[PDB]
Amino acid sequence: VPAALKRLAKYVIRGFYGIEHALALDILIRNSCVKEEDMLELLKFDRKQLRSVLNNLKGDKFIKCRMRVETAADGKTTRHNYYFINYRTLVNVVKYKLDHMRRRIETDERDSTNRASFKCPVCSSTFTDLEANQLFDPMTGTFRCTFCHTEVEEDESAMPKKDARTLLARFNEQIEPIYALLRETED
Amino acid sequence: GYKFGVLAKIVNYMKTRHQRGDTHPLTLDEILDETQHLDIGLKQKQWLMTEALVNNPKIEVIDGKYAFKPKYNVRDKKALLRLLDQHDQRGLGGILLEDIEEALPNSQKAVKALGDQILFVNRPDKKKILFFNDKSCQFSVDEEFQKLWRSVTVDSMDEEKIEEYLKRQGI
Amino acid sequence: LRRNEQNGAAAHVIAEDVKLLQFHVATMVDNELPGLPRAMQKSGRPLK
Amino acid sequence: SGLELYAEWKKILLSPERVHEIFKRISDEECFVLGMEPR
Ligand SMILES: [Zn+2]
């Protein structure tokens with residue numbers, strides 16, 4: 001268990017994940033194998049909230065879960081749960097959360113272009129340059145929706161796009177540091 | 001029943017003494033005289049002394065005379081901070097704010113003096129749990145970033161599809 | 001469900017919400033499901 | 001059990017999205033074997 005793997009896990013979990021979950025990952029770090037009931041006792045949190053967090057953790061398979069059955073002295077049926085962190089699973093899961101973050105930004109950028117520029121207040125809906133041109137009549141001499149009978153301005157569309165472009169640059173700066181840590185891990 | 005509520009009354013009297021502020025430990029017989037426990041049998045008192053007084057964590061024994069432990073409860077905000085740090089190091093967990101309040105006068109002012117170093121979490125019973133902050137590592141998370149995080153779900157992603165995505169992206 | 005996912009609501013909340021969504025969709029497709037409750041119209045008359 | 005799926009080998013709930021992704025991973029040629037026209 002080289003210290004580099006532990007450093008990667010600590011840095012990623014502490015910088016780019018939730019504090020309440022990091023609290024449980026601390027127990028996972030402290031001991032490789034822990035009872036689920038012992039994890040509860042260490043966590044000191046309500047069963048319902050813990051089970052919600054555990055369902056999220058099960059979905060993301062951050063920590064692998066196994067089921068063990070043994071016979072108690074009393075003989076009553078007992079169900080025993082074991083959760084333990086796996087570095088190989090964790091690295092990939094984290095890496096892809098990182099990766100799909102970018103696909104989302106690209107999709108938002110493309111949607112911005114997808115939206116139509118023409119928009120008409122009386123109509124109250126977006127309009128394709130196509131529809132605007134057909135609505136235009138050569139005899140009248142001006143291009144204007146046939147239905148609403150008011151001029152169309154495209155300036156309103158420009159504003160939100162500019163705002164989003166600024167946000168993307170900030171995201172790149174905030175995500176810069178973690179890539180070096182990832183590189184140290186691949187080392 | 002017999003010989004249980006009397007012990008409870010003694011322990012409550014000790015809390016009343018501590019609201020009084022008399023740090024000096026007191027004799028059990030004198031406590032009985034103050035609490036009108038003379039009527040009770042002596043043997044029950046002896047059993048209490050031998051077993052229950054030692055079992056009670058709040059109670060302490062000094063020079064053959066029994067009284068609370070002035071060390072157990074918090075007395076100064078600096079010691080509260082140090083205790084929180086030690087609890088974080090040893091994985092003890094936070095301490096109940098009601099107990100800290102009855103322990104320390106003006107505990108709320110103590111917390112205000114802590115400020116950022118102390119993290120308080122609400123509880124359905126209104127009890128406040130306190131956790132020391134980590135000085136070594138400090139990180140900032142922005143709400144938009146947390147949202148961009150939140151949407152994406154690996155649970156949708158199937159494990160084989162995971163290793164496949166890495167292999168596809170040529171690394 | 002969209003708002004719950006947006007807020008990162010409890011996993012059990014989302015699970016029960018998805019269960020109810022599945023129930024509603026399956027009931028709309030067919031209201032005569034085997035061994036499942038019938039969706040009334042707030043008046044005791046099962047929906048068609 | 002009613003309108004929900006359980007996969008037991010231990011035993012976990014099978015959400016619709018898992019089956020959706022598995023079916024997407026399935027190839028067109030396998031559809032002919034399964035007797036379902038892919039197009
Ligand atoms: Zn118009």
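About the cut-offs
Residues numbered from 1 in each chain as written, not as in the entry; some residues may be left out. Chains lettered and ligands numbered in written order. Part of a larger assembly, values for the part shown. Heavy atoms only, no water. Domains from an automatic or database assignment. Contact = heavy atoms within 4.5 Å. Buried area = accessible area lost by both parts, 1.4 Å probe. Salt bridge = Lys/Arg side-chain N within 4 Å of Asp/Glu carboxyl O. Polar contact = N/O pair within 3.5 Å; in protein donor to acceptor, adjacent residues only side chain to side chain. Helix = DSSP H or I, 4+ residues; strand = E, 2+ residues; numbered from the N terminus. Donors = N, O, S within 2.8 Å, 3.2 Å for Na, K, Ca; no water. Tetrahedral: all angles 85-135°; square planar, octahedral: opposite > 155°, others 65-115°. Buried < 20%, exposed > 50% of the residue type's maximum accessible area, 1.4 Å probe, protein only.

Its PDB header attributes the entry to cryo-EM and lists the resolution as 4.5 Å.

Identification of chain C as DNA-directed RNA polymerase subunit from Sus scrofa is taken from the PDB entry.

A. Fine view of the domain arrangement of chain A. All names here are of chain A. Along its sequence, chain A is carved into domain 1 (2–92), domain 2 (93–113 + 162–187) and domain 3 (114–161). Relative to domain 3, the C-alpha centre of domain 2 lies at a distance of 35 Å. Contacts between the two partners involve 9 residues from domain 2 and, on the opposite side, 6 residues from domain 3. Looking at the side of domain 2 facing domain 3, the largest losses of area belong to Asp111, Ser112 and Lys162, adding up to 58% of the total buried there. At the junction of domain 2 with domain 3, the criterion picks out 0 salt bridges. Counting across the domain 2 and domain 3 interface gives 14 residue pairs in polar contact. Here the element with the most residues in the side of domain 2 that touches domain 3 is helix α5 (residues 87–114); it accounts for 5 residues.

B. Looking closely at the coordination of the zinc ion. All names here are of chain A. Coordination of the zinc ion by the protein is provided by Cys120 (SG), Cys123 (SG), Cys145 (SG) and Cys148 (SG), with metal-donor distances spanning 2.3 to 2.4 Å. Considering all 4 donor atoms around the zinc ion, the spread of angles at the metal, 80 to 123°, places the coordination shape in the irregular class. Every donor residue of the zinc ion comes from the same chain, spaced as C-x2-C-x21-C-x2-C. Taken together, the positions of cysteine 123 in the loop between β4 (118–120) and β5 (125–127) and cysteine 148 in the loop between α6 (129–135) and α7 (155–186) put the pair 25 residues apart, joining distant regions of the chain. Considered together, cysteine 123 and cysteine 148 belong to a single accessibility category, that of buried residues.

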